[PDB]
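K.L.:
Residue numbers (the deposited numbering), protein chains in the order written: chain A, 1 to 129; chain B, 1 to 129; chain C, 147 to 195; chain D, 99 to 243; chain E, 1 to 98; chain F, 487 to 534. Just so it is clear, CB atoms sit at the ideal spot from N, CA and C, and this is done for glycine as well.
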Amino acid sequence: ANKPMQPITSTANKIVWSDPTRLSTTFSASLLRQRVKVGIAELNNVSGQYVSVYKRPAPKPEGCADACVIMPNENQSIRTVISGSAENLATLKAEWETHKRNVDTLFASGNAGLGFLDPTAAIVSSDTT
Amino acid sequence: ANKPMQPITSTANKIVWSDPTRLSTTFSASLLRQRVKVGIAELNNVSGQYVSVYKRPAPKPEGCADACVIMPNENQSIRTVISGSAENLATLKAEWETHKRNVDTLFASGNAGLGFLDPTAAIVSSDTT
Amino acid sequence: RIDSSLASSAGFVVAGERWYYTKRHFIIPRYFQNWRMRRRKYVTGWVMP
Amino acid sequence: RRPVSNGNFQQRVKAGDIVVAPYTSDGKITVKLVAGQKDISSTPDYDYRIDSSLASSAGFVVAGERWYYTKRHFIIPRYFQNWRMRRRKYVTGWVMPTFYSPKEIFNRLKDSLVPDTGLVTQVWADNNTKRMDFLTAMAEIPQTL
Amino acid sequence: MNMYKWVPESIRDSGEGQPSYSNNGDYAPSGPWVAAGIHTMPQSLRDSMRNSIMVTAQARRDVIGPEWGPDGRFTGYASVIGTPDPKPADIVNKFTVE
Amino acid sequence: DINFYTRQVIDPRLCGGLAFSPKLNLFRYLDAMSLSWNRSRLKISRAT
RNA sequence: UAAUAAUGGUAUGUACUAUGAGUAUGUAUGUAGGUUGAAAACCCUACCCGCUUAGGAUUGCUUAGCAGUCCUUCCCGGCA
């Protein structure tokens with residue numbers, strides 16, 4: 001039941017998505033690949049940088065969801081940059097959900113969004129026992 | 001079970017975790033709080049940075065060097081910064097998983113990892129019908 | 147009937163064999179036994195345009 | 099042996115070609131036939147008792163020449179004779195079995211040589227699976243082109 | 001000759017699925033689970049993955065490409081009956097303008 | 487006693503197909519619109 | 001061995017900006033030497049790595065199918 005969006009700017013590097021219903025929100029993806037020899041051996045490094053921004057005005061004073069009371073808009077931007085060797089993409093993928101849960105534990109389920117920090121929060125790595 | 005990761009450097013802003021077994025892998029989560037006034041009402045702004053870096057040696061060329069030697073280690077980095085006001089984390093949580101679901105189609109399922117886009121992708125916004 | 151493995155990966159949360167379509171519930175690819183399939187007898191022959 | 103050369107083998111390998119060719123080994127096929135006795139008739143016969151100690155002392159207790167089967171009784175098969183046999187005068191000759199020559203055996207075998215369609219199909223499917231994997235991976239390239 | 005061929009574009013979701021309800025309250029691959037009703041699976045996602053299977057099966061058709069899965073998971077399947085028919089070679093005719 | 491080895495071709499006239507033949511799914515693919523780069527070639531030739 | 005330089009580059013971090021990875025900056029320019037200066041060491045030597053040139057390797061061998069390489073030359077690149 002989630003409204004999809006459709007591309008705006010098409011490029012060999014950048015694709016810009018945006019909702020026709022609400023043009024404020026958008027999601028774009030640009031990526032740059034580089035031809036690299038790190039240990040005198042060639043590597044396929046691809047750097048996919050992703051932005052997702054939503055202009056959601058939600059101060060919403062206490063119990064005042066009542067009438068035509070418009071609030072000024074505020075920004076919510078999410079920047080993600082994934083860079084690594086394409087040959088090791090399979091395990092690079094495997095590392096990726098580890099980043100998901102790690103952020104989710106400390107922030108989504110934790111309380112890092114308010115600006116607090118818990119050094120004792122359970123942080124786990126990709127490899128297993 | 002995946003091996004737990006323990007902090008190495010704790011601070012009111014930056015906490016850096018690392019695996020005791022191999023400390024080369026790191027997960028540094030930095031915070032950056034500022035005061036933003038927009039709608040004649042100060043709002044709590046948090047710029048939550050999360051950097052997950054894993055190191056996996058070489059693409060391991062077949063034969064030849066597979067005796068006692070390893071080609072220099074590569075770097076795999078995923079950087080994420082989350083912005084927005086702290087008064088509306090509830091919607092920030094909702095969009096984050098939406099961003100998670102959005103990035104998955106391009107990266108986890110699509111071939112964006114190898115470096116090729118997909119203008120015919122199917123992404124959706126945080127909001128719902 | 148059979149199953150529907152290799153269907154899709156996005157949205158589903160993979161936990162080994164378990165594919166979580168939601169936070170708590172999950173489905174399994176080789177246990178998804180709800181599809182009706184037609185397989186037919188075919189006589190074929192190469193043709194030269 | 100029927101070996102076949104592909105010409106400039108190494109040159110073609112450097113060019114990047116895979117090579118196949120029929121081959122045969124210097125194998126050998128042997129046929130050995132061993133003659134046997136062929137009984138044709140018999141008539142005379144005679145009954146022998148003599149000795150019945152051909153068997154060993156399994157299931158008996160050995161005490162000198164005594165074969166103890168119970169704690170109070172024993173036998174000496176050197177003198178304990180209770181089995182009577184029959185011996186006849188068979189008439190036998192040398193019969194020589196015959197078999198086909200390895201020449202025609204190998205001819206029939208090479209005529210019967212037929213590739214395994216099931217194995218061929220299975221191996222083709224095994225290759226085609228990873229072929230499809232790579233095709234699906236590479237499908238996006240001409241779009242960039 | 002005859003050729004067993006897979007027949008896409010003629011499928012239906014019979015609703016015999018049994019989603020499993022994890023008692024662990026997470027994406028844990030262990031612990032207890034309960035079989036749940038198929039009403040929980042979204043119609044839109046069900047249709048999406050059904051169409052994905054449709055396009056994959058259509059692509060893997062008349063190819064004799066894959067075989068039947070060791071676990072029973074089918075693919076685009078084509079079983080040969082008897083000897084397969086020989087396929088004529090793709091001929092070429094070329095002309096050069098002088 | 488029989489012991490020998492033989493190797494045989496897959497007589498590609500009869501067998502040797504039964505595969506995907508990667509000609510297809512690429513020949514039916516963009517070969518037309520990619521050829522349609524005649525537009526760009528005409529553009530560059532005009533200014534050439 | 002080598003200096004004048006145009007040292008318009010690249011990669012990696014910093015502060016601002018960011019519905020942008022743009023701005024400016026530090027650092028280093030495959031590995032070590034000679035060298036003033038513009039010490040971001042310009043350039044030559046030596047050693048590695050990847051291109052290119054056109055020649056080759058037992059080209060046949062194999063009771064199995066090999067093999068996805070190796071050497072030299074032309075050869076331009078891994079700071080200008």
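#1: In chain E, what lies closer than 8 Å to D:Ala223 by C-beta?
#2: Mind pulling the chain F residues with CB within less than 7 Å of D:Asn226?
#3: Using only the heavy atoms of the ligand HEM, determine whether one of them is closer than 8 Å to the beta carbon of B:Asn102.
#4: What residues from the region 147–177 of chain C come within 8 Å of chain B, judged by C-beta to C-beta, listed N to C?
#5: Going by C-alpha distance, which of B:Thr129, B:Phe107, B:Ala67 is nearest B:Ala121?
#6: Closer than 9 Å, CB to CB, is D:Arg99 near chain E or not?
#7: Quick one: is B:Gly48 buried, meaning 16 or more other Cβ sit within 10 Å of its Cβ, or exposed?
#8: To the nearest angstrom, how far is the alpha carbon of B:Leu114 from that of D:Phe204?
#9: If I'm right that E:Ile81 touches E:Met1 with Cβ under 8 Å, what's the distance once you round it to whole angstroms?
#10: Locate the alpha helix (DSSP H) running through B:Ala86, then write down its first and last residues.
#11: Quick one: any contact between the region 148–162 of chain C and the region 55–72 of chain A, if contact means 3 or more CB pairs under 8 Å?
#12: Look at C:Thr190 and E:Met3 and say whether their C-beta atoms are less than 9 Å apart.
#13: Shorter than 9 Å from the beta carbon of D:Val132 to some beta carbon of chain F?
#14: So, with DSSP's three-state summary, where would you put B:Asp127?
#15: What's the gap between the Cα of B:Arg35 and the Cα of A:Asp66?
#16: How big is the Cα-Cα spacing for residue 187 of chain B and A:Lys55?
#17: Count the other C-beta atoms from every protein chain shown that fall within 10 angstroms of the C-beta of F:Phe513, then say buried if there are 16 or more, exposed otherwise.
#18: Closer than 7 Å by beta-carbon distance: list the chain C residues that pair up with B:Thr105, in chain order.
#19: Which runs of the beta strand (DSSP E) spanning at least 3 residues fall entirely within the region 101–174 of chain D, listed in chain order?
#20: Excluding the five sequence neighbours on either side, which residues of its own chain have a C-beta within less than 7 Å of the C-beta of E:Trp6, listed in chain order?
#21: State the beta-bridge partners of E:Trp68 as determined by DSSP.
#22: For B:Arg101, would you say it is in contact with chain C, using Cβ-to-Cβ distances shorter than 9 Å as the test?
#23: Taking CB distances under 9 Å as the criterion, tell me whether F:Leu500 reaches chain E.
#24: Tell me which residues share the same chain as E:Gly15 and place their Cβ nearer than 7 Å to its Cβ, disregarding the 5 neighbours each side in the sequence.
#25: Name the chain B residues that come within less than 8 Å of A:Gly113, Cβ to Cβ?
#26: So D:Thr215 contacts chain E; which residues on that side make the cut at Cβ distance below 9 Å?
#27: Classify B:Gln34 as helix, strand or coil using the three-state DSSP reduction.
#28: Cβ closer than 8 Å: which chain E residues qualify as neighbours of D:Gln220?
#29: Thinking D:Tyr146 and D:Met194 are a contact (beta carbons under 8 Å), I'd like their distance in whole angstroms, please.
#30: Please report the distance separating the alpha-carbon of D:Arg229 from that of E:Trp68.
#31: Report the three-state DSSP secondary structure of E:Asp13 (helix, strand or coil).
#32: Under three-state DSSP, which class holds B:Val46?
#33: Hey, A:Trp17 and B:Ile123: beta-carbon distance below 9 Å or not?
#34: Quick one: grab the DSSP three-state call for E:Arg60.
#35: Report yes if the C-beta distance between E:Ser20 and E:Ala36 is below 9 Å; otherwise report no.
#36: Can you check DSSP and say which residues form a bridge with E:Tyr4?
P.N.:
With the structure as the only source:
#1: Translated into positions along the fourth sequence, residue 223 of chain D becomes position 125. Here the neighbours are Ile64, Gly65, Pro66, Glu67.
#2: The count along the fourth sequence starts at 1 and reaches residue 226 of chain D at position 128. By Cβ distance, chain F contributes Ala505, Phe506.
#3: Annotation note on the ligand HEM: not contained in the displayed structure, which lists no ligands.
#4: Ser154, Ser155, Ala156, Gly157
#5: One-based indexing of the second sequence puts residue 121 of chain B at position 121. The candidate whose alpha carbon is nearest that of B:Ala121 is B:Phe107.
#6: Along the fourth sequence, read from residue 1 onward, the residue named residue 99 of chain D stands at position 1. Not an interface residue.
#7: Reading the second sequence from its first residue, position 48 is the one you call residue 48 of chain B. Label assigned to B:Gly48: buried.
#8: As a first step, residue 114 of chain B is located in the second sequence; it is residue number 114 there, counting from the start. As a first step, residue 204 of chain D is located in the fourth sequence; it is residue number 106 there, counting from the start. Going by the C-alpha atoms only, they are around 56 Å apart.
#9: In the fifth sequence, the residue the question calls residue 81 of chain E occupies position 81. In the fifth sequence, the residue the question calls residue 1 of chain E occupies position 1. Between E:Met1 and E:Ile81 the Cβ distance is about 6 Å, and since that is below 8 Å, they are a contact.
#10: Locating residue 86 of chain B in the second sequence gives position 86, counting from the first residue. Neither: B:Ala86 is in no alpha helix (DSSP H) and is coded neither H nor E.
#11: no
#12: Within the third sequence, residue 190 of chain C is the residue found at index 44, counting from 1. Within the fifth sequence, residue 3 of chain E is the residue found at index 3, counting from 1. Yes, the pair counts as a contact, with Cβ atoms nearer than the cut-off.
#13: As a first step, residue 132 of chain D must be located in the fourth sequence, where it is residue number 34. No, D:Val132 lies away from the interface with chain F (no Cβ there is under 9 Å from its Cβ).
#14: Translated into positions along the second sequence, residue 127 of chain B becomes position 127. B:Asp127 falls in the strand class under three-state DSSP.
#15: Position 35 of the second sequence, counted from the first residue, corresponds to residue 35 of chain B. Position 66 of the first sequence, counted from the first residue, corresponds to residue 66 of chain A. Their Cα atoms are separated by approximately 28 Å.
#16: Residue 187 of chain B is absent from the structure shown; chain B starts at 1 and stops at 129.
#17: As a working mapping, residue 513 of chain F is identified with position 27 in the sixth sequence. Exposed, because fewer than 16 other Cβ atoms sit within 10 Å of the Cβ of F:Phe513.
#18: Here residue 105 of chain B refers to the residue found at position 105 of the second sequence. Correct list: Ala156.
#19: 134–146, 159–161, 164–166
#20: Along the fifth sequence, one-based indexing puts residue 6 of chain E at 6. Once the five neighbours on either side are set aside, the close Cβ partners of E:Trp6 are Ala57, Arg61, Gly76, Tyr77, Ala78.
#21: Numbered from its first residue, the fifth sequence carries residue 68 of chain E at position 68. Paired residue(s): none; E:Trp68 is not in a bridge.
#22: Residue numbering aside, residue 101 of chain B sits at position 101 when the second sequence is read from its first letter. Yes, because at least one Cβ of chain C sits closer than 9 Å to the Cβ of B:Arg101.
#23: What you label residue 500 of chain F is simply residue 14 of the sixth sequence in a count that begins at 1. True, the Cβ-Cβ gap to chain E drops below 9 Å.
#24: Residue numbering aside, residue 15 of chain E sits at position 15 when the fifth sequence is read from its first letter. Hits under 7 Å: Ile38.
#25: Indexing the first sequence from 1 puts residue 113 of chain A at position 113. The contacting residues are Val46, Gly48, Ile82, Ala86, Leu89, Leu92, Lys93.
#26: Taking the fourth sequence and counting its residues from 1, one reaches residue 215 of chain D at position 117. The contacting residues are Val80, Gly82, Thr83, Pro84.
#27: Indexing the second sequence from 1 puts residue 34 of chain B at position 34. B:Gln34 falls in the strand class under three-state DSSP.
#28: Within the fourth sequence, residue 220 of chain D is the residue found at index 122, counting from 1. Going along chain E in sequence order, the residues near D:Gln220 (Cβ under 8 Å) are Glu67.
#29: Within the fourth sequence, numbered from 1, the residue matching residue 146 of chain D stands at position 48. Within the fourth sequence, numbered from 1, the residue matching residue 194 of chain D stands at position 96. Not really, about 33 Å apart at Cβ, beyond 8 Å.
#30: One-based indexing of the fourth sequence puts residue 229 of chain D at position 131. One-based indexing of the fifth sequence puts residue 68 of chain E at position 68. Distance between the alpha carbons of D:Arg229 and E:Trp68: 16 Å.
#31: Here residue 13 of chain E refers to the residue found at position 13 when the fifth sequence is read from its first residue. Note: E:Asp13 maps to strand in three-state DSSP.
#32: The residue given as residue 46 of chain B occupies position 46 in the second sequence. Looking at B:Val46 - three-state DSSP - the assignment turns out to be strand.
#33: Along the first sequence, read from residue 1 onward, the residue named residue 17 of chain A stands at position 17. Along the second sequence, read from residue 1 onward, the residue named residue 123 of chain B stands at position 123. In this structure, B:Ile123 lies closer than 9 Å to A:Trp17 by Cβ.
#34: Taking the fifth sequence and counting its residues from 1, the one referred to as residue 60 of chain E is at position 60. If DSSP states are grouped into helix, strand and coil, E:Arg60 belongs with coil.
#35: As a position in the fifth sequence, residue 20 of chain E is number 20, starting the count at 1. As a position in the fifth sequence, residue 36 of chain E is number 36, starting the count at 1. The answer is yes: Cβ separation under 9 Å.
#36: By 1-based counting over the fifth sequence, the position of residue 4 of chain E is 4. For E:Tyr4, which the question treats as bridged, DSSP gives the partners C:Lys187, E:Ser79.
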